[PDB]
Structures are given as C-alpha cells and as structure tokens.
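> One structure, pasted below without further comment.
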Amino acid sequence: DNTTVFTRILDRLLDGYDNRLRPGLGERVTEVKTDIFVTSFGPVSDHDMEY
Amino acid sequence: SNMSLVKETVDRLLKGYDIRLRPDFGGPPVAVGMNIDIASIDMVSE
C-alpha cells in the first residue's frame with residue numbers, strides 16, 4: 001500500500017489549498033528562479049522579422 | 001494568517017455568485033472602460 005500512503009500524502013497536501021493565491025500573498029514577495037535550456041534555435045525569418 | 005483571511009474573503013465573494021447575471025441586472029447599465037496598449041501592428045496585407 002505504498003501507493004496508498006503516497007495518495008494519503010497527496011490528498012493531505014491539497015486539503016484547504018487555494019491555487020488562486022500565490023505563496024506569501026500579503027506578507028512576502030514570491031521569488032521565481034528561472035532557467036532556460038535551448039534544445040534548438042529555429043530558423044530566422046527575415047521577411048517577418050522573427051525567429 | 002493573512003492568506004487564510006484572503007482565502008475566506010474570496011470564498012465569500014464567490015459563494016452565491018450568479019455568473020449568468022451582469023452587475024445591476026435589473027438596474028442601470030454597467031459602465032465599462034477600455035484601455036489598450038498596442039504591442040505591434042505586424043503585417044498590413046494588400
């Protein structure tokens with residue numbers, strides 16, 4: 001029942017959870033660390049001035 | 001906690017909210033103001 005205990009963890013984790021509110025809504029600034037991995041750099045369209 | 005206070009307030013705001021009905025359904029018209037920030041005008045095609 002390892003799946004059952006993990007299900008219980010997940011259900012306890014989302015209980016009373018409001019995804020409409022960011023973490024630290026009124027008392028802190030949310031800091032998002034960002035990273036980009038470029039798997040390909042597509043072609044460059046000179047006519048459309050885009051890439 | 002402040003976030004729990006906000007969650008309770010939003011749950012209050014959305015309870016009994018009728019999305020079928022515009023604000024002031026049987027009353028004066030609701031005034032809507034429009035703003036636009038134009039990011040680009042791309043391809044004017046003849």
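Going by the structure tokens order, chains are called A, B, ..., each with residues numbered from 1, while ligands are numbered from 1 in the order shown.
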Could you please select, counting only C-alpha atoms, the residues of chain B within 8 Å of chain A and state them as an MDAnalysis selection string?
chainID B and resid 2:3 7
> Can you list, as a list in words, all residues belonging to chain A that DSSP tags as alpha helix (DSSP H)?
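Those residues are residues 2, 3, 4, 5, 6, 7, 8, 9, 10, 11, 12 and 13 of chain A.
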